[PDB]
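Presented below is the structure to which this report refers.
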Amino acid sequence: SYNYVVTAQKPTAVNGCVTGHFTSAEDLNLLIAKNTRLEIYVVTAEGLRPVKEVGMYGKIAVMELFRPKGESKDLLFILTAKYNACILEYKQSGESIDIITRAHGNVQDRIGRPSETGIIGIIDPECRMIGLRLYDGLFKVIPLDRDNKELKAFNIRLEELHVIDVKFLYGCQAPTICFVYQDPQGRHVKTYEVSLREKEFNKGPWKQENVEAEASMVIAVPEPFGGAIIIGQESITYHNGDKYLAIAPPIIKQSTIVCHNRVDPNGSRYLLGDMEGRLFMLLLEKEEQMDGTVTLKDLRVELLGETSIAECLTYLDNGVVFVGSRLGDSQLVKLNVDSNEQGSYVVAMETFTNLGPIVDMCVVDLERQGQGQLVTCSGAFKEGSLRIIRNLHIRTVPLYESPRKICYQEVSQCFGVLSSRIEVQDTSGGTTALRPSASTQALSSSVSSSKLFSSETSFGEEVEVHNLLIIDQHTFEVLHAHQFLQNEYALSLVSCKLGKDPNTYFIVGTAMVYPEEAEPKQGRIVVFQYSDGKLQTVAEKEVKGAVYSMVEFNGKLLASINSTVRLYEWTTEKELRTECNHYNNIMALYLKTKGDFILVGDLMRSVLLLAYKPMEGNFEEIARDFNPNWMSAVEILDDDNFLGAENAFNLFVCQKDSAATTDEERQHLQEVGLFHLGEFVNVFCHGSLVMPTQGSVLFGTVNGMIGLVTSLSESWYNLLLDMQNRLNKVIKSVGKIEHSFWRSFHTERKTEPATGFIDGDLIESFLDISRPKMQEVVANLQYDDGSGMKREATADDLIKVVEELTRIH
Amino acid sequence: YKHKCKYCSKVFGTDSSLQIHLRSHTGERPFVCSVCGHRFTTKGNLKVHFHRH
Amino acid sequence: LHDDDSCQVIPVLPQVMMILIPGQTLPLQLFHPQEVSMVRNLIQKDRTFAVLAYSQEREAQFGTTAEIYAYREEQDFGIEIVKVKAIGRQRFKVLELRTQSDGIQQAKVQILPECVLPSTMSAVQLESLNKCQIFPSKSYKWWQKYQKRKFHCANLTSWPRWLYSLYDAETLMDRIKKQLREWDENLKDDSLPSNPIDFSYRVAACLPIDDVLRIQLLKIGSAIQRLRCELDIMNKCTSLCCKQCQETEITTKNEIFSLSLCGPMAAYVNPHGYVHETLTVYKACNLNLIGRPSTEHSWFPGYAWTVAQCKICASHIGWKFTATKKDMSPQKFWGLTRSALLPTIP
Ligand SMILES: Nc1cccc2c1C(=O)N([C@H]1CCC(=O)NC1=O)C2=O
Ligand SMILES: [Zn+2]
Ligand SMILES: [Zn+2]
Ligand SMILES: [Zn+2]
């Protein structure tokens, strides 16, 4: 089979933000990185004025601005996760806005272990070279000459393999690196001078024997001072030569500082963000001396207030900070001289919808219009939310805790959501909440009275408390919250009718997670009803393992328990009775169904096709395909084709073999499609957001992107594949990156060309080009219309075929 | 490969050296399984047991 | 080291009947001149030959290259006996085995690659917390921190951290090496490889498993899968039965212990060149002793052996050993041959 993949909603989470002068030398730009998108704004007095949005054929991994001597304005260096390096320039010709590629190249090395602390990309202050930390033991140096348009580079052998963070220092006689590494004898900071002449390392200005156990951040302090600030779990120190300061502010001991931003060019104020949303001001106390010098007297940290959980911060101007968020909405916040009555200098100005991460979703026709709305569990911790998405209208329902699974119960006209909040062990017996949240603020509440599990010592650490929430479908008010058993972990949730019972139930499958036990030996399948505003337990079945997955199966309840797939029957006495068991060697994580076929999958892309046999009351294994690789989600496209989401950000389709004469051939599922999506899919979902092609599968990803997969005719696939090669000859790609490279199936070890999949986003851009390029792509293109002869295609013919393909989302 | 001893299966270079040694296997149960060390009284007994390995 | 996915033609010694796992050593004793000259010509070119993993008859579908690293000549009693030690290297699937005039069958094999996978979190890890992916390493409260920090980003996927720990290599070995310390008191944490590839293969050669499970692990390419399958055998197949009659319990895993420095199951060689992977256990059941203890060629000096057989089918299962001095402990134990056993799940 042949498939078509299109973006219904672009990635919304922010993974980067730098400021500088990219568009005009005089303008102040804000540049935002959204996985495959780049956004440009100019900072105003009211807020942000949009300027230009683009997409790359890559995942943006390094985004930094720089200005080599003799340049009008700043240039843009971008490196993609597939190691496409490029330097871009802004070029506006009246109203023609264009991002031109001044230099570009691929920095990938065949040899080499990708580092544990990720791709690092730093540029020296004097814009003489681009430093790259790609692999353990090496350091890539791209020398910055106006005569290096191909980004040729070289490597320097790095002793000290496990490097945490590295930056170029300021005010140095030679380009100098400052980095924190870990070896057997503790964690240290060291400096290396970089010789672009000798292409190796020379001795560094200083090396500090030992530093904090968990020193994780290196900030290079600018030219007024020099040196570097290292930040850790409990301490903040300043190092330069023989000068040293160190503070251990108790105010930052409660969570980890994970991003920073320099406020002013002299480097005396920094913003620090931590993992829970606190925003701090790091201040460097300068001491003006009677000679010309300035000395640094002390360090001081002040808590500014709360924000979204920040992946990146960036100070704009006039007390306005941009908070870039992966787990919640991005913000513009305002800082005020005087803290308000509550003690916060922080005031919200603006929020930005971020759908990511989408951990679950479901399609509902609430408006009963035969339209359809997407309802997602998105965000984590205090950023957690439902989002109702419509044809694109986004409504938001704050939860202040992590939603995990969602399903719709039309009869009750409400939603049922499995949720997770963090509580901390109290000094009494129990555990007290971190903050008020949906779990704790319902209209009515309940706790499991089960006591099925009757035979540790928490200290002051975190525990997860899981709830089933009943959310009204019109107000989204939490109508009921049922708290599960202590140490019970709610995994699966389904709404359906069972057997000959006319009631619709919520069914929840769980696991009993104890920190001593590696694999779970105990779980529960609990049957809830919820009929008169109140939620009642209608029997519970104990099982000897984790109930990872559950499906309604033809009036019965199919379930995973560790490696077992089990079909359950609903008796007249309203309880679960096992019908049959199919024991697998793989752990049955994924469970999808279609008629009598059952798709089973584990985390390593082991794909299994069981079939229920009505005449024998048993399961029978039809076919299998094992291929060691991480799998994140999977779905049944039809009786013969299965779609999966595997590493790294790839989609795959396997199929039941039609060329099967031998019983060995019929028992192996062939791979028929490979594609680099660029996103990490958390959930597939059959459904459509609208009123040619066959089928409609939506999928949500971690970065909040929403995509659609549908299947085509062989006639249509062949034609659109010719178009892809033809549109790729006329569409200017930002980093001068080949589309066929970007969509190549990719592992850390393997790359194979994409196949059986058509890039719908590339297909739809046919409409946005002009008719000289338009008539250029159609030239000599034969087309399988109804007439059995294949005629040359007019472009006005092709506007009609693409305009129909846009109608699917 | 040449001149094997009927009891313990050890091979010798010449038939002279074989019967120099074959006088060592004098016992009530002389045939030895070249795998177990199990001992048997007849050649056939050892053959059957040897082929069950 | 051959190339990956490449095809090579490699000689096969016809006497060998052993499933060789990469890294495991294969001892040999050779009397026949064709094979003696065959070993001598190997100790010059590549030193590698192929060891087929038989399904038995002569039906083989995978195998392993083996590399000669030791060589000793004894010319006793007018017969040239050559003892050679080999070590297994690379796995392969057999394509054609053309038998040659002298005897040695040559093999066209496809060199199997070793599937290395990235961490299960490398796809989702937030760049702001890449700075935190390196831990000050080693307690069981320590392992509670390792999971909370290494899999923090599970909150971005539809699975918890404890499921991810079940596919974390580093966790799998700490669990496996927990039980190996139960079989070996002479076992330091440093005596075990640190690479997950090598570590899984060492565990493969150490478990007392029959050929079918030994072959099944060879077919497994990802180390993660190997480790989990190995940890599964260790947990479920607590009992060891007679492979012949299949229902007779000989011993259980609670009785496995290490007599020599070489672990609980080492490859010993009998006087006539037969190899025995001999698992040493404390107590054993359903066994008949044959003969009186002897010391000839006793693999454990100070002990006298006695042939042991199954009470039911009369198959060979191993030997009973007894102390010939008195100050020694254990005063008694059993050496069970691996080819005779069949792990089972009660
Ligand atoms: N003396 C003989 C003679 C024939 C076969 C064997 C032995 C002998 O000692 N072993 C084993 C079993 C007992 C032992 O510990 N070491 C061995 O070499 C044999 O297989
Ligand atoms: Zn003899
Ligand atoms: Zn025997
Ligand atoms: Zn038996």
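Following the order of the structure tokens, chains are lettered A, B, ..., residues in each are numbered from 1, and ligands are numbered from 1.
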
Counting only C-alpha atoms, which residues of chain C come no farther than 7 Å from chain A, as a count of residues only?
15

What lies within 12 Å of residue 74 of chain C using only C-alpha atoms, ignoring chain neighbours under 5 positions off, as a CSV table (one decimal) with N, CA, C and O atoms, in the first residue's frame?
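Result file follows (around_22.csv):
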chain,number,residue,atom,x,y,z
C,29,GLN,N,40.8,-31.3,20.8
C,29,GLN,CA,41.9,-32.3,20.7
C,29,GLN,C,41.7,-33.0,19.4
C,29,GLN,O,40.7,-33.5,19.1
C,30,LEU,N,42.8,-33.0,18.6
C,30,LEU,CA,42.7,-33.5,17.2
C,30,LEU,C,43.8,-34.6,17.0
C,30,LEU,O,45.0,-34.3,17.1
C,31,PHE,N,43.3,-35.8,16.5
C,31,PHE,CA,44.3,-36.9,16.2
C,31,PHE,C,44.5,-37.0,14.7
C,31,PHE,O,45.6,-37.4,14.3
C,79,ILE,N,51.8,-41.1,18.3
C,79,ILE,CA,50.6,-40.4,17.7
C,79,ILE,C,50.7,-38.9,18.0
C,79,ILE,O,50.8,-38.6,19.2
C,80,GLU,N,50.6,-38.1,17.0
C,80,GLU,CA,50.6,-36.6,17.1
C,80,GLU,C,49.2,-36.2,17.6
C,80,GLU,O,48.3,-36.2,16.8
C,81,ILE,N,49.1,-35.8,18.8
C,81,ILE,CA,47.8,-35.2,19.4
C,81,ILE,C,48.0,-33.7,19.5
C,81,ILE,O,48.9,-33.3,20.2
C,82,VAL,N,47.1,-33.0,18.9
C,82,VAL,CA,47.2,-31.5,18.9
C,82,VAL,C,46.0,-31.0,19.7
C,82,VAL,O,44.8,-31.3,19.3
C,83,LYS,N,46.3,-30.3,20.7
C,83,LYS,CA,45.2,-29.6,21.5
C,83,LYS,C,45.2,-28.1,21.1
C,83,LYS,O,46.3,-27.5,21.1
C,84,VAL,N,44.1,-27.6,20.7
C,84,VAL,CA,44.0,-26.2,20.3
C,84,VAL,C,42.8,-25.6,20.9
C,84,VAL,O,41.7,-26.2,20.9

Could you check how far atom CA of residue 721 of chain A sits from atom CA of residue 755 of chain A, in Å to one decimal?
9.7 Å

Which residue, C:182, C:76, C:174, C:277, has the smallest gap to chain B when you use only C-alpha atoms?
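Nearest candidate to chain B out of C:182, C:76, C:174, C:277: C:76.
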
Let's see if you can do this: from backbone DSSP, list all alpha helix (DSSP H) residues in chain B, as number ranges by chain.
B: 15-22, 43-50

Expected answer as a list in words: residues within 12 Å of ligand 2, only C-alpha atoms and all ligand atoms
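Residues lying within 12 Å of ligand 2: residues 3, 4, 5, 6, 7, 8, 9, 10, 11, 12, 17, 18, 19, 20, 21, 22, 23, 24, 25, 26, 27, 30, 31, 32, 33 and 34 of chain B; 271 and 272 of chain C.
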
Nearest to chain C by atom-to-atom distance, counting only C-alpha atoms, from B:44, B:38, B:29, B:16:
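Between B:44, B:38, B:29, B:16, the residue approaching chain C most closely is B:38.
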
So how far away is atom CA of residue 97 of chain C from atom CA of residue 18 of chain C, in Å?
17.1 Å

Quick check: residues of chain C within 9 Å of chain B, only C-alpha atoms, returned as a ChimeraX atom specification.
/C:31-32,77-79,270-275,290-291,306-308,315-316,318-319

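Counting only C-alpha atoms and all ligand atoms and comparing B:28, B:41, B:50, B:15, the residue that lies closest to ligand 1 is B:50.
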
What does the list of residues within 6 Å of ligand 4 look like if you count only C-alpha atoms and all ligand atoms, written as a list in words?
residues 242, 244, 245, 310, 312, 313, 314 and 315 of chain C

One-decimal distance in Å that lies between atom CA of residue 268 of chain C and atom CA of residue 335 of chain C
10.5 Å

Based on DSSP run over this structure's backbone, return all residues of chain B in strand (DSSP E), as JSON, numbers by chain.
{"B": [3, 4, 11, 12, 31, 32, 39, 40]}

Non-local contacts of residue 240 of chain C (10 Å; only C-alpha atoms; under 6 positions in same chain excluded) as number ranges by chain:
C: 208-209, 246-253, 284, 338, 340-346

Save out the residues we just selected, C-alpha atoms, as a CSV table (one decimal), in the first residue's frame.
chain,number,residue,atom,x,y,z
C,208,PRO,CA,23.0,-24.2,31.6
C,209,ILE,CA,20.6,-24.2,28.7
C,246,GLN,CA,12.0,-34.8,30.0
C,247,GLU,CA,10.0,-35.2,33.2
C,248,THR,CA,12.8,-36.1,35.7
C,249,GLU,CA,14.0,-33.2,37.8
C,250,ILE,CA,17.8,-33.7,38.4
C,251,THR,CA,18.5,-30.5,40.3
C,252,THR,CA,17.3,-26.9,40.7
C,253,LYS,CA,19.0,-23.5,40.4
C,284,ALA,CA,21.0,-33.7,42.8
C,338,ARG,CA,25.0,-29.4,30.0
C,340,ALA,CA,22.0,-33.7,29.3
C,341,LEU,CA,19.9,-31.1,31.0
C,342,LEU,CA,16.7,-29.3,30.1
C,343,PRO,CA,15.7,-26.2,32.1
C,344,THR,CA,12.0,-26.2,32.9
C,345,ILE,CA,9.4,-23.9,34.5
C,346,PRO,CA,7.5,-25.7,37.4
